[PDB]
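Protein chains in written order, with the working numbering: chain A, 1 to 381; chain B, 382 to 766.
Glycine is no exception: its CB is placed at the ideal position from the N, C-alpha and C atoms.
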Amino acid sequence: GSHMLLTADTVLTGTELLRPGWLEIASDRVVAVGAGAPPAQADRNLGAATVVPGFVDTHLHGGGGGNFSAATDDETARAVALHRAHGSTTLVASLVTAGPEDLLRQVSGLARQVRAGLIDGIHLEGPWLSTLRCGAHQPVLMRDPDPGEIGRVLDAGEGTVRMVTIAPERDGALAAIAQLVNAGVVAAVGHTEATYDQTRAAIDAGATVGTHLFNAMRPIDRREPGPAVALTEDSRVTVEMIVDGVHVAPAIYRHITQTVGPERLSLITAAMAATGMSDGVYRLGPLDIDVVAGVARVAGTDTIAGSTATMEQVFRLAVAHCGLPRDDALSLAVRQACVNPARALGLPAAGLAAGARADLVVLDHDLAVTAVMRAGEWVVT
Amino acid sequence: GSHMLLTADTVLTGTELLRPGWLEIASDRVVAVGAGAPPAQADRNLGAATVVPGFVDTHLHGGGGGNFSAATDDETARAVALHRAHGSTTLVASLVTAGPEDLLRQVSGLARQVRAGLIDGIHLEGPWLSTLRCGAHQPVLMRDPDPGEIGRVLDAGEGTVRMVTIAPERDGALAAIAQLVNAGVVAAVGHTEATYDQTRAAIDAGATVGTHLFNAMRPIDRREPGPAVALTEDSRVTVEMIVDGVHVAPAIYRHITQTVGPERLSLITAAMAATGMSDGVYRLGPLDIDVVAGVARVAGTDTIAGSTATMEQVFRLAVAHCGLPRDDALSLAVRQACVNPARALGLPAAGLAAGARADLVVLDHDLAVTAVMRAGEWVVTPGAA
Ligand SMILES: CC(=O)N[C@@H]1[C@@H](O)[C@H](O)[C@@H](COP(=O)(O)O)O[C@@H]1O
Ligand SMILES: [Cl-]
Ligand SMILES: [Cl-]
Ligand SMILES: [Zn+2]
Ligand SMILES: [Zn+2]
């Protein structure tokens with residue numbers, strides 16, 4: 001654009017709650033943001049709306065019928081369009097376990113769409129995972145992390161692979177974590193039967209993210225705490241959680257938030273390709289997924305295979321279920337849905353502040369998305 | 382009575398860490414506490430020792446060969462003498478699940494020792510329980526909480542029953558919790574297969590304590606969190622934890638401390654009658670117990686017969702495993718072993734402060750007890766441990 005001055009009764013910047021607030025947008029940047037009456041006459045008076053920074057979804061597999069694992073322009077476009085429509089202005093595309101050949105093709109294909117700007121990075125969830133915690137993955141393809149293949153895969157992405165999930169109990173997992181962190185890649189722990197001690201070792205080797213805490217993860221036990229306690233204990237780790245109301249009980253979300261504090265939890269969707277569509281049978285990598293009432297299940301089991309949630313939905317549920325008063329709930333959920341995930345992944349600092357890119361979301365009273373701006377242009381006007 | 386002046390390199394009062402510190406004792410009361418040099422020449426300089434308030438053990442079954450469930454002067458005296466020598470200056474004696482007539486006799490007999498001053502209260506850990514997990518005491522006598530029997534048992538205690546463990550899923554549990562709170566008794570949640578929702582209902586009905594969190598309790602599951610999460614979530618609840626290194630992993634104790642904060646965890650021993658006994662085989666109530674390297678087992682079996690922890694041991698393990706630097710660790714451990722449990726049970730607020738009873742413990746640099754004072758007199762005088 002050129003000159004936009006927005007007002008709204010509430011503006012959350014990432015670190016403060018402005019009531020009322022205003023933002024001045026020039027081209028694709030925020031030039032200025034503040035509380036009270038605006039420094040000039042406003043162009044857009046949003047009224048009784050809440051403005052938050054754009055949502056930063058760092059772990060999702062598709063949407064609107066599109067699968068990121070397809071690594072085609074059409075499927076990526078329809079996934080990006082749906083999530084962007086719901087306020088996810090930054091997206092890390094996740095790949096499920098795959099054979100070496102398909103992995104290179106998928107990484108190369110997605111890396112092109114990063115460079116094109118459709119997605120902001122690649123997450124490799126697999127193949128270096130535990131077969132005991134596979135879920136919606138093909139366990140046959142999981143393998144020990146080999147430093148030759150890791151280098152080949154990172155070479156193919158040309159710096160666009162941002163995060164790799166590792167099962168810390170596989171042979172060569174601790175070397176692979178060091179190898180990833182030397183390449184500037186975030187090492188995440190997930191899909192693992194690791195003990196407390198093995199997860200603690202992975203953290204000391206440089207893992208800094210917990211992949212959807214409590215899902216595909218050994219449970220907490222009084223004598224063997226398991227990975228979830230190692231991950232919540234260490235302040236260097238940002239834990240992911242899927243708060244769609246299906247993957248973990250809301251009281252678990254509340255418990256972990258209590259434990260790790262406001263800066264150490266990231267909300268994610270793990271959205272699959274049926275997000276935004278109708279019910280039926282779908283595809284995730286090389287698997288068939290039956291979505292019944294929006295609940296994704298691997299065809300023929302009881303295993304939930306991913307969510308059908310957008311960041312707008314998990315934001316709303318975080319606010320409702322975090323147990324804090326409304327204003328504090330909004331502030332917390334903005335840290336979890338915008339600030340913490342961008343920080344954890346080395347992404348452009350989320351936040352509405354002078355010089356930041358103008359990515360923001362307008363929420364109505366019920367906290368539904370009414371507008372979405374990305375790079376200073378309305379995606380949803 | 383005259384004023385005794387004590388000095389030590391470090392005095393923890395329950396809220397402050399004084400370095401150096403001093404305390405003035407008159408009769409059985411603390412007169413004054415302060416930092417720096419004493420007001421006069423001290424009657425005893427404890428030197429390079431750390432003084433803490435007396436330990437408050439709110440859940441234990443015996444020690445030194447005595448079972449509180451015996452409800453005799455001889456068994457209670459032996460248990461009290463053992464734990465007192467390791468710094469527990471306040472004790473709440475626990476009874477396991479028992480038959481209705483045996484329950485009344487045990488309560489009646491322990492109430493007399495409350496009135497005599499050997500113990501400070503009674504905890505009924507049973508019979509209104511409902512778990513078969515390891516830790517179950519006598520599950521064939523577990524039964525629904527009948528308000529008639531509760532009134533009869535509370536009457537028998539003449540106000541000395543301070544805590545009652547309730548499994549929240551039994552018919553009548555929520556009513557029993559309301560009945561206990563109205564009678565001024567603490568309702569604890571424990572020995573239960575209750576869901577998260579059923580436990581949160583018990584908390585809304587007035588339960589304020591979790592009986593040895595994670596032990597004898599449904600575990601945490603991602604879709605059914607179980608009672609431990611309801612108990613850690615609610616600020617009204619003080620959770621018990623047995624930190625002897627065996628009942629819960631040290632990192633679980635850190636996790637829970639990190640979750641609930643410094644005010645909401647109590648260290649307990651759940652000590653059984655073999656606590657503090659030398660290696661050997663012993664007749665303790667209805668069981669032959671074999672003690673090997675301080676671990677008690679029923680003779681002829683590999684099965685561990687419960688905790689043999691003293692408050693001295695759990696305090697030292699709490700300081701070692703809480704993951705804080707030493708001074709912050711001592712300050713947390715004093716809250717968990719002294720202030721939080723006394724407050725949860727409505728006991729005389731622990732702490733070395735003007736007006737408080739003179740109950741304190743002297744520890745060396747290894748955090749071993751070297752002296753114990755209770756009501757202004759040395760139970761264990763410095764050097765005699
Ligand atoms: C793509 C993928 O792997 N998604 C996982 C799924 O595998 C797992 O079954 C589910 C719950 O796992 P849980 O039953 O251990 O919580 O979480 C995620 O949806
Ligand atoms: Cl997932
Ligand atoms: Cl016990
Ligand atoms: Zn995933
Ligand atoms: Zn007990």
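Could you tell me the alpha carbon to alpha carbon distance between residue i and residue j, rounded to whole angstroms?
i              : j         : result
residue 770(B) : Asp409(B) : Here chain B comprises residues numbered 382 to 766, so residue 770(B) is not present and cannot be evaluated.
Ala413(B)      : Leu404(B) : 6 Å
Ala690(B)      : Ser712(B) : 21 Å
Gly736(B)      : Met754(B) : 16 Å
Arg599(B)      : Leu513(B) : 10 Å
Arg84(A)       : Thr90(A)  : 8 Å
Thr762(B)      : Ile503(B) : 28 Å
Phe68(A)       : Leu110(A) : 8 Å
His137(A)      : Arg115(A) : 27 Å
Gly661(B)      : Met692(B) : 23 Å
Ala568(B)      : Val542(B) : 11 Å
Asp552(B)      : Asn596(B) : 22 Å
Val679(B)      : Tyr663(B) : 9 Å
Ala554(B)      : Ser688(B) : 28 Å
Taking 7 Å as the cut-off, does the CB of residue i come closer than this to any heavy atom belonging to ligand 5?
i         : result
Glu506(B) : yes
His442(B) : yes
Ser712(B) : no
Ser475(B) : yes
Quick one: what does DSSP say residue i is sitting in, helix, strand or coil?
i         : result
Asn563(B) : helix
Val629(B) : coil
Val379(A) : strand
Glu621(B) : strand
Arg222(A) : coil
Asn721(B) : helix
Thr650(B) : coil
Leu726(B) : coil
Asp669(B) : strand
Would you check whether ligand 4 has a heavy atom nearer than 7 Å to the C-beta of residue i?
i         : result
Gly529(B) : no
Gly306(A) : yes
Could you check whether the Cβ of residue i sits closer than 7 Å to any heavy atom belonging to ligand 2?
i        : result
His83(A) : no
Less than 7 Å between the CB of residue i and some heavy atom of ligand 3, yes or no?
i         : result
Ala651(B) : yes
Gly516(B) : yes
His593(B) : yes
Go through its chain and collect everything with a Cβ distance to residue i's Cβ below 6 Å, but skip five positions before and after it.
i         : result
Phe315(A) : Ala333, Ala337
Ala183(A) : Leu154
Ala451(B) : none
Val379(A) : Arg84, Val372
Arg581(B) : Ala611
From the options, pick the residue whose C-alpha is nearest to that of residue i; which is it?
i         : options                                    : result
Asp302(A) : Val291(A), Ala77(A), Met4(A)               : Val291(A)
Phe55(A)  : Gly87(A), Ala37(A), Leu46(A), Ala40(A)     : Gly87(A)
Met277(A) : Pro39(A), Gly64(A), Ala350(A), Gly34(A)    : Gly64(A)
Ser94(A)  : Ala353(A), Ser108(A), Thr58(A), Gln258(A)  : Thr58(A)
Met385(B) : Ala407(B), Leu705(B), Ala497(B), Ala460(B) : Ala407(B)
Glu605(B) : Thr453(B), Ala575(B), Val432(B), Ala651(B) : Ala575(B)
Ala731(B) : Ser383(B), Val433(B), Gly626(B), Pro420(B) : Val433(B)
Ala460(B) : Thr391(B), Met653(B), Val679(B)            : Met653(B)
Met163(A) : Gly148(A), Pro127(A), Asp144(A), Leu141(A) : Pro127(A)
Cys703(B) : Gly727(B), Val624(B), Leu748(B)            : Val624(B)
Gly607(B) : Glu550(B), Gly402(B), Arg645(B), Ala749(B) : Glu550(B)
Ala230(A) : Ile252(A), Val189(A), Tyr253(A), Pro250(A) : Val189(A)
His746(B) : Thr431(B), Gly417(B), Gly415(B)            : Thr431(B)
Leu103(A) : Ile166(A), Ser2(A), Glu377(A), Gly285(A)   : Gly285(A)
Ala418(B) : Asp708(B), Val700(B), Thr391(B)            : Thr391(B)
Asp73(A)  : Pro348(A), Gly148(A), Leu118(A)            : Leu118(A)
Take residue i and list the residues in its own chain whose beta-carbon comes closer than 7 Å to its own, dropping the five residues that flank it on each side.
i         : result
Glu621(B) : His440, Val590, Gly591, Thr592, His593, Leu594, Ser647, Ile649
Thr232(A) : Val239, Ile256, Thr259, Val260
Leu46(A)  : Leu6, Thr7, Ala8, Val362
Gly245(A) : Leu317
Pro643(B) : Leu713, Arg716
For ligand 1, any of its heavy atoms closer than 7 Å to the Cβ of residue i?
i         : result
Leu132(A) : no
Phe68(A)  : no
So, for residue i: in the same chain, excluding its five sequence neighbours on each side, which residues have a beta-carbon less than 8 Å away from its beta-carbon?
i         : result
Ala479(B) : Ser450, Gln487, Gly507, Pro508, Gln519, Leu522
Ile601(B) : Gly607, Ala609, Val610
Using a Cβ cut-off of 8 Å, which residues of the segment 599 to 632 of chain B contact any Cβ in chain D, in chain order?
The chain inventory of the structure shown lacks chain D, comprising the protein chains A and B.
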